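Engineer: Okay, so here is input.csv, and as you'll see once you scroll down, it has CSV, N, CA and C atoms.
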chain,number,residue,atom,x,y,z
A,267,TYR,N,15.1,37.5,7.9
A,267,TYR,CA,14.3,37.1,8.9
A,267,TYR,C,15.0,37.2,10.3
A,268,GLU,N,14.2,37.0,11.3
A,268,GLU,CA,14.7,36.9,12.7
A,268,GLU,C,14.7,35.4,13.2
A,269,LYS,N,15.8,34.9,13.6
A,269,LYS,CA,15.9,33.5,14.1
A,269,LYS,C,15.5,33.4,15.5
A,270,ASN,N,14.4,32.6,15.7
A,270,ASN,CA,13.8,32.4,17.0
A,270,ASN,C,12.9,31.2,17.0
A,271,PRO,N,13.0,30.3,18.0
A,271,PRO,CA,12.1,29.1,17.9
A,271,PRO,C,10.6,29.5,17.9
A,272,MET,N,10.2,30.6,18.4
A,272,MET,CA,8.8,31.0,18.5
A,272,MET,C,8.3,31.7,17.2
A,273,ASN,N,9.2,31.8,16.2
A,273,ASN,CA,8.8,32.4,14.9
A,273,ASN,C,8.7,31.3,13.8
A,274,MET,N,9.7,30.4,13.7
A,274,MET,CA,9.7,29.3,12.8
A,274,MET,C,10.6,28.2,13.3
A,275,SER,N,10.3,27.0,12.9
A,275,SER,CA,11.1,25.8,13.4
A,275,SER,C,10.9,24.7,12.4
A,276,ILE,N,11.8,23.7,12.6
A,276,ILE,CA,11.8,22.4,11.9
A,276,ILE,C,11.7,21.3,12.8
A,277,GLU,N,10.8,20.3,12.6
A,277,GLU,CA,10.6,19.2,13.5
A,277,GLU,C,11.2,18.0,13.0
A,278,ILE,N,11.9,17.2,13.8
A,278,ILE,CA,12.4,15.9,13.5
A,278,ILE,C,11.8,14.9,14.5
A,279,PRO,N,10.7,14.3,14.2
A,279,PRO,CA,10.0,13.4,15.2
A,279,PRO,C,10.9,12.2,15.6
A,280,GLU,N,11.7,11.7,14.7
A,280,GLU,CA,12.6,10.6,15.0
A,280,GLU,C,13.9,10.8,14.2
A,281,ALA,N,15.0,10.4,14.8
A,281,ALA,CA,16.3,10.7,14.2
A,281,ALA,C,16.7,9.5,13.2
A,282,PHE,N,17.9,9.8,12.6
A,282,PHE,CA,18.4,8.8,11.6
A,282,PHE,C,18.8,7.5,12.4
A,283,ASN,N,18.4,6.4,11.8
A,283,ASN,CA,18.7,5.1,12.4
A,283,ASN,C,18.9,4.1,11.3
A,284,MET,N,19.5,2.9,11.7
A,284,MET,CA,19.7,1.8,10.7
A,284,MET,C,19.1,0.6,11.3
A,285,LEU,N,18.3,-0.1,10.4
A,285,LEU,CA,17.8,-1.4,10.8
A,285,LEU,C,18.8,-2.5,10.7
A,286,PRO,N,18.6,-3.6,11.4
A,286,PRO,CA,19.6,-4.7,11.3
A,286,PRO,C,19.8,-5.2,9.9
A,287,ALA,N,21.0,-5.6,9.6
A,287,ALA,CA,21.4,-6.0,8.3
A,287,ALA,C,20.7,-7.3,7.9
A,288,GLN,N,20.1,-7.3,6.7
A,288,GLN,CA,19.4,-8.5,6.1
A,288,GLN,C,20.4,-9.2,5.2
A,289,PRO,N,20.7,-10.5,5.5
A,289,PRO,CA,21.6,-11.2,4.7
A,289,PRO,C,21.0,-11.9,3.5
A,290,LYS,N,21.6,-11.8,2.4
A,290,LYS,CA,21.2,-12.5,1.1
A,290,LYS,C,22.5,-13.1,0.5
A,291,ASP,N,22.5,-14.4,0.4
A,291,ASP,CA,23.6,-15.2,-0.1
A,291,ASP,C,24.8,-14.8,0.7
A,292,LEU,N,25.9,-14.3,0.1
A,292,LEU,CA,27.1,-13.9,0.8
A,292,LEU,C,27.2,-12.4,1.1
A,293,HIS,N,26.2,-11.7,1.0
A,293,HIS,CA,26.2,-10.2,1.3
A,293,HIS,C,25.1,-9.8,2.1
A,294,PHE,N,25.0,-8.5,2.4
A,294,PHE,CA,24.0,-7.9,3.3
A,294,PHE,C,23.4,-6.7,2.7
A,295,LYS,N,22.2,-6.4,3.0
A,295,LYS,CA,21.5,-5.1,2.7
A,295,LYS,C,21.1,-4.4,4.0
A,296,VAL,N,21.5,-3.2,4.1
A,296,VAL,CA,21.3,-2.4,5.3
A,296,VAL,C,20.3,-1.2,4.9
A,297,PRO,N,19.1,-1.2,5.4
A,297,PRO,CA,18.2,0.0,5.2
A,297,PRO,C,18.3,1.0,6.3
A,298,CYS,N,18.1,2.3,5.9
A,298,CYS,CA,18.1,3.4,6.8
A,298,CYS,C,16.9,4.3,6.6
A,299,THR,N,16.4,4.9,7.6
A,299,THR,CA,15.1,5.7,7.5
A,299,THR,C,15.2,6.8,8.5
A,300,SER,N,14.3,7.8,8.3
A,300,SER,CA,14.2,9.0,9.2
A,300,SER,C,12.8,9.6,8.9
A,301,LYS,N,12.5,10.7,9.7
A,301,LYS,CA,11.3,11.4,9.6
A,301,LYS,C,11.6,12.9,9.6
A,302,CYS,N,10.7,13.6,9.0
A,302,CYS,CA,10.9,15.1,8.9
A,302,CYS,C,9.5,15.7,8.6
A,303,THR,N,9.5,17.1,8.7
A,303,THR,CA,8.2,17.8,8.5
A,303,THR,C,8.3,19.0,7.6
A,304,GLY,N,9.5,19.6,7.4
A,304,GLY,CA,9.6,20.8,6.6
A,304,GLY,C,9.8,22.0,7.4
A,305,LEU,N,9.4,23.2,6.9
A,305,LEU,CA,9.5,24.4,7.6
A,305,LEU,C,8.1,25.0,7.9
A,306,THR,N,7.9,25.3,9.2
A,306,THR,CA,6.6,25.9,9.6
A,306,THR,C,6.8,27.3,10.2
A,307,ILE,N,5.9,28.2,9.7
A,307,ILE,CA,6.0,29.6,10.0
A,307,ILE,C,4.9,29.9,11.0
A,308,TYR,N,5.1,30.1,12.2
A,308,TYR,CA,4.1,30.4,13.2
A,308,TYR,C,3.7,31.9,13.1
A,309,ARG,N,4.7,32.8,12.9
A,309,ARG,CA,4.4,34.2,12.8
A,309,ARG,C,4.9,34.6,11.4
A,310,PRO,N,4.1,34.9,10.4
A,310,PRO,CA,4.5,35.2,9.1
A,310,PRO,C,4.8,36.7,8.9
A,311,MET,N,4.9,37.5,10.0
A,311,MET,CA,5.3,38.9,9.9
A,311,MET,C,6.7,39.2,10.3
A,312,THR,N,7.5,38.1,10.3
A,312,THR,CA,9.0,38.3,10.6
A,312,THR,C,9.9,37.9,9.5
A,313,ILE,N,9.3,37.6,8.3
A,313,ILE,CA,10.1,37.2,7.1
A,313,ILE,C,9.8,38.1,6.0
A,314,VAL,N,10.8,38.5,5.2
A,314,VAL,CA,10.7,39.2,4.0
A,314,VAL,C,11.4,38.5,2.9
A,315,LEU,N,10.7,38.4,1.8
A,315,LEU,CA,11.2,37.7,0.6
A,315,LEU,C,11.7,38.8,-0.5
A,316,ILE,N,12.8,38.5,-1.2
A,316,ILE,CA,13.2,39.4,-2.3
A,316,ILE,C,13.4,38.4,-3.5
A,317,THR,N,12.4,38.5,-4.4
A,317,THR,CA,12.5,37.6,-5.6
A,317,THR,C,12.9,38.4,-6.8
A,318,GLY,N,13.4,37.7,-7.8
A,318,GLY,CA,13.8,38.4,-9.1
A,318,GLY,C,15.3,38.9,-9.0
A,319,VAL,N,16.0,38.6,-8.0
A,319,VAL,CA,17.4,39.0,-7.8
A,319,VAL,C,18.3,38.4,-8.9
B,267,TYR,N,-26.8,-41.5,14.6
B,267,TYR,CA,-25.6,-42.2,14.6
B,267,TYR,C,-25.4,-42.7,16.1
B,268,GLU,N,-24.4,-43.6,16.2
B,268,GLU,CA,-23.9,-44.1,17.5
B,268,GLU,C,-22.5,-43.5,17.6
B,269,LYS,N,-22.3,-42.7,18.6
B,269,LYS,CA,-21.0,-42.0,18.8
B,269,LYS,C,-20.0,-43.0,19.6
B,270,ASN,N,-18.9,-43.3,18.9
B,270,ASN,CA,-18.0,-44.3,19.4
B,270,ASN,C,-16.6,-44.1,18.7
B,271,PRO,N,-15.5,-44.1,19.4
B,271,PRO,CA,-14.2,-44.0,18.8
B,271,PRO,C,-13.9,-45.1,17.8
B,272,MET,N,-14.6,-46.3,18.0
B,272,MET,CA,-14.4,-47.4,17.2
B,272,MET,C,-15.1,-47.3,15.8
B,273,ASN,N,-16.0,-46.4,15.7
B,273,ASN,CA,-16.8,-46.2,14.5
B,273,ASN,C,-16.4,-45.1,13.5
B,274,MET,N,-16.0,-44.0,14.1
B,274,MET,CA,-15.6,-42.8,13.3
B,274,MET,C,-14.7,-41.9,14.2
B,275,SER,N,-13.8,-41.2,13.5
B,275,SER,CA,-12.8,-40.5,14.3
B,275,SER,C,-12.2,-39.3,13.5
B,276,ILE,N,-11.6,-38.4,14.1
B,276,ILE,CA,-10.9,-37.3,13.5
B,276,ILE,C,-9.5,-37.2,14.2
B,277,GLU,N,-8.5,-37.1,13.5
B,277,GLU,CA,-7.1,-37.0,14.0
B,277,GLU,C,-6.5,-35.6,13.7
B,278,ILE,N,-5.9,-35.0,14.7
B,278,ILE,CA,-5.2,-33.8,14.6
B,278,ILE,C,-3.7,-34.0,15.1
B,279,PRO,N,-2.8,-34.6,14.3
B,279,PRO,CA,-1.5,-34.9,14.7
B,279,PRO,C,-0.6,-33.7,15.1
B,280,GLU,N,-1.0,-32.5,14.6
B,280,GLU,CA,-0.2,-31.3,14.9
B,280,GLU,C,-1.1,-30.1,15.0
B,281,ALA,N,-1.0,-29.4,16.1
B,281,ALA,CA,-1.9,-28.3,16.4
B,281,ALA,C,-1.3,-27.0,15.8
B,282,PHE,N,-2.2,-25.9,15.8
B,282,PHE,CA,-1.8,-24.7,15.2
B,282,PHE,C,-0.6,-24.1,15.9
B,283,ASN,N,0.3,-23.6,15.1
B,283,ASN,CA,1.6,-23.0,15.6
B,283,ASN,C,2.1,-22.0,14.6
B,284,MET,N,2.9,-21.1,15.1
B,284,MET,CA,3.5,-20.0,14.3
B,284,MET,C,5.0,-20.1,14.2
B,285,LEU,N,5.5,-19.5,13.1
B,285,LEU,CA,6.9,-19.4,12.8
B,285,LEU,C,7.5,-18.0,13.1
B,286,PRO,N,8.8,-17.9,13.4
B,286,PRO,CA,9.3,-16.5,13.6
B,286,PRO,C,9.2,-15.7,12.4
B,287,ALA,N,9.0,-14.4,12.6
B,287,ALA,CA,8.8,-13.4,11.5
B,287,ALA,C,10.0,-13.3,10.6
B,288,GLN,N,9.8,-13.2,9.3
B,288,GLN,CA,10.9,-13.1,8.3
B,288,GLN,C,10.9,-11.7,7.8
B,289,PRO,N,11.9,-10.9,8.2
B,289,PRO,CA,11.9,-9.4,7.8
B,289,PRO,C,12.1,-9.2,6.3
B,290,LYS,N,11.6,-8.1,5.8
B,290,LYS,CA,11.9,-7.6,4.5
B,290,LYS,C,12.4,-6.1,4.6
B,291,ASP,N,12.4,-5.4,3.5
B,291,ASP,CA,12.9,-4.0,3.5
B,291,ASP,C,12.3,-3.2,4.7
B,292,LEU,N,11.0,-3.1,4.8
B,292,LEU,CA,10.4,-2.4,5.9
B,292,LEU,C,9.2,-3.0,6.5
B,293,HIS,N,9.0,-4.3,6.2
B,293,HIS,CA,7.8,-5.0,6.8
B,293,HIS,C,8.3,-6.5,7.2
B,294,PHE,N,7.3,-7.2,7.6
B,294,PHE,CA,7.5,-8.6,8.1
B,294,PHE,C,6.4,-9.5,7.4
B,295,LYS,N,6.7,-10.8,7.5
B,295,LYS,CA,5.7,-11.8,7.2
B,295,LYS,C,5.8,-12.9,8.2
B,296,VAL,N,4.6,-13.4,8.7
B,296,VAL,CA,4.5,-14.4,9.7
B,296,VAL,C,3.6,-15.6,9.1
B,297,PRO,N,4.2,-16.8,8.9
B,297,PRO,CA,3.4,-17.9,8.5
B,297,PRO,C,2.9,-18.8,9.6
B,298,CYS,N,1.7,-19.4,9.4
B,298,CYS,CA,1.1,-20.3,10.3
B,298,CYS,C,0.7,-21.6,9.6
B,299,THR,N,0.8,-22.7,10.3
B,299,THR,CA,0.6,-24.0,9.7
B,299,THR,C,0.1,-25.0,10.8
B,300,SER,N,-0.5,-26.1,10.3
B,300,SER,CA,-1.0,-27.2,11.1
B,300,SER,C,-1.2,-28.4,10.3
B,301,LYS,N,-1.7,-29.5,10.9
B,301,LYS,CA,-2.0,-30.7,10.2
B,301,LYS,C,-3.4,-31.3,10.6
B,302,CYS,N,-4.0,-32.0,9.7
B,302,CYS,CA,-5.3,-32.6,10.0
B,302,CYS,C,-5.5,-33.8,9.0
B,303,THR,N,-6.6,-34.5,9.2
B,303,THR,CA,-6.8,-35.7,8.4
B,303,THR,C,-8.3,-35.8,7.9
B,304,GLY,N,-9.2,-35.2,8.6
B,304,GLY,CA,-10.6,-35.3,8.2
B,304,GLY,C,-11.3,-36.5,8.9
B,305,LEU,N,-12.6,-36.6,8.7
B,305,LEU,CA,-13.4,-37.6,9.4
B,305,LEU,C,-13.1,-39.0,8.7
B,306,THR,N,-12.8,-40.0,9.4
B,306,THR,CA,-12.6,-41.4,8.9
B,306,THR,C,-13.7,-42.2,9.5
B,307,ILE,N,-14.5,-42.9,8.7
B,307,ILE,CA,-15.6,-43.8,9.2
B,307,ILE,C,-15.1,-45.2,9.0
B,308,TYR,N,-14.8,-45.9,10.1
B,308,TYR,CA,-14.4,-47.3,9.9
B,308,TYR,C,-15.5,-48.2,9.6
B,309,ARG,N,-16.6,-48.1,10.3
B,309,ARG,CA,-17.8,-48.9,10.1
B,309,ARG,C,-19.0,-48.0,9.7
B,310,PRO,N,-19.3,-48.0,8.4
B,310,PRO,CA,-20.3,-47.0,7.9
B,310,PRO,C,-21.8,-47.4,8.1
B,311,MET,N,-22.1,-48.5,8.7
B,311,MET,CA,-23.5,-49.0,8.9
B,311,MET,C,-24.1,-48.4,10.1
B,312,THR,N,-23.4,-47.6,10.9
B,312,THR,CA,-23.9,-46.9,12.1
B,312,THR,C,-24.2,-45.5,11.9
B,313,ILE,N,-24.5,-45.1,10.6
B,313,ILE,CA,-24.9,-43.7,10.3
B,313,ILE,C,-26.1,-43.7,9.4
B,314,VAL,N,-27.1,-42.9,9.7
B,314,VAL,CA,-28.3,-42.8,8.8
B,314,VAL,C,-28.6,-41.3,8.6
B,315,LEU,N,-28.8,-40.9,7.3
B,315,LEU,CA,-29.1,-39.6,6.9
B,315,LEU,C,-30.5,-39.5,6.4
B,316,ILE,N,-31.4,-38.7,7.1
B,316,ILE,CA,-32.7,-38.5,6.6
B,316,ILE,C,-32.7,-37.2,5.8
B,317,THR,N,-33.0,-37.3,4.5
B,317,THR,CA,-32.9,-36.2,3.6
B,317,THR,C,-34.2,-35.6,3.2
B,318,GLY,N,-34.2,-34.3,3.0
B,318,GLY,CA,-35.5,-33.6,2.6
B,318,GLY,C,-36.3,-33.1,3.8
B,319,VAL,N,-35.8,-33.1,5.0
B,319,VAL,CA,-36.5,-32.7,6.2
B,319,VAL,C,-36.8,-31.2,6.1
In structure tokens, write the structure found in this file.

Structural biologist:
Amino acid sequence: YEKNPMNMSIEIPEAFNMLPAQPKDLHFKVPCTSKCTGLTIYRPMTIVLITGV
Amino acid sequence: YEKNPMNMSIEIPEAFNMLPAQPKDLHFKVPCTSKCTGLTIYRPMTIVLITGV
């Protein structure tokens, strides 16, 4: 393929972050979350696949 | 009936109020509470109910 933002891209609407720690008895639980979308091909004439290799 | 605080009354010793939210993994819970007593009739001879109207 050819690497170019106008051919394909990956979107990250929000970045990795950590919520405030939640205390339980003498310890804490910290949850983390993020967002993603996958791979989007705007122009499908710039990629070639070779399967069965 | 005859409307008079001496005959019947309702008490509300505590009004509606909310508590701070209690977080969980990825959501919250908010509780609400209040107090009441219901109608108290000190002198019940000052009320007449006509039934079947």

Engineer: Could you state the separation of atom C of residue 281 of chain A and atom CA of residue 300 of chain A in Å, given to one decimal place?

Structural biologist: 4.7 Å

Engineer: Just the number, please: distance in Å from atom CA of residue 308 of chain A to atom CA of residue 271 of chain A, one decimal.

Structural biologist: 9.4 Å

Engineer: Once chain A is best-fit onto chain B by all Cα atoms in order, what RMSD in Å is left?

Structural biologist: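 The optimal C-alpha superposition leaves an RMSD of 1.1 Å.
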
Engineer: If the cut-off is 8 Å, can you tell me the residues of chain B near chain A, counting all atoms listed in the file? I'd like them as a PyMOL selection string.

Structural biologist: chain B and resi 289-292

Engineer: Report, in Å with one decimal, the straight-line distance from atom CA of residue 269 of chain B to atom CA of residue 307 of chain B.

Structural biologist: 11.2 Å

Engineer: Determine the nearest neighbour of residue 301 of chain B from the options B:270, B:283, B:275, B:317, counting all atoms listed in the file.

Structural biologist: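 So, comparing all the options, the nearest one is B:283.
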
Engineer: Let's see if you can do this: from backbone DSSP, list all strand (DSSP E) residues in chain B, as a short mmCIF file (atom, residue, chain, number, x, y, z; two decimals) with N, CA and C atoms, in the frame of the given file.

Structural biologist:
data_model
loop_
_atom_site.label_atom_id
_atom_site.label_comp_id
_atom_site.auth_asym_id
_atom_site.auth_seq_id
_atom_site.Cartn_x
_atom_site.Cartn_y
_atom_site.Cartn_z
N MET B 274 -16.00 -44.00 14.10
CA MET B 274 -15.60 -42.80 13.30
C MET B 274 -14.70 -41.90 14.20
N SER B 275 -13.80 -41.20 13.50
CA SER B 275 -12.80 -40.50 14.30
C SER B 275 -12.20 -39.30 13.50
N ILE B 276 -11.60 -38.40 14.10
CA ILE B 276 -10.90 -37.30 13.50
C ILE B 276 -9.50 -37.20 14.20
N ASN B 283 0.30 -23.60 15.10
CA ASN B 283 1.60 -23.00 15.60
C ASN B 283 2.10 -22.00 14.60
N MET B 284 2.90 -21.10 15.10
CA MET B 284 3.50 -20.00 14.30
C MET B 284 5.00 -20.10 14.20
N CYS B 298 1.70 -19.40 9.40
CA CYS B 298 1.10 -20.30 10.30
C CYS B 298 0.70 -21.60 9.60
N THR B 299 0.80 -22.70 10.30
CA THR B 299 0.60 -24.00 9.70
C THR B 299 0.10 -25.00 10.80
N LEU B 305 -12.60 -36.60 8.70
CA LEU B 305 -13.40 -37.60 9.40
C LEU B 305 -13.10 -39.00 8.70
N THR B 306 -12.80 -40.00 9.40
CA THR B 306 -12.60 -41.40 8.90
C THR B 306 -13.70 -42.20 9.50
N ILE B 307 -14.50 -42.90 8.70
CA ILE B 307 -15.60 -43.80 9.20
C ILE B 307 -15.10 -45.20 9.00
#

Engineer: Could you check the closest approach to residue 314 of chain A for each of A:302, A:267, A:294, A:282 and tell me which residue wins, using all atoms listed in the file?

Structural biologist: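 Of the candidates, the smallest distance to residue 314 of chain A is held by A:267.
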
Engineer: Segment 271-284 of chain A, all listed atoms, 8 Å padding on each side: what axis-aligned box centre and edge lengths in Å to one decimal come out, as lines of an AutoDock Vina configuration file?

Structural biologist:
center_x = 14.0
center_y = 16.5
center_z = 14.6
size_x = 27.4
size_y = 47.8
size_z = 23.8
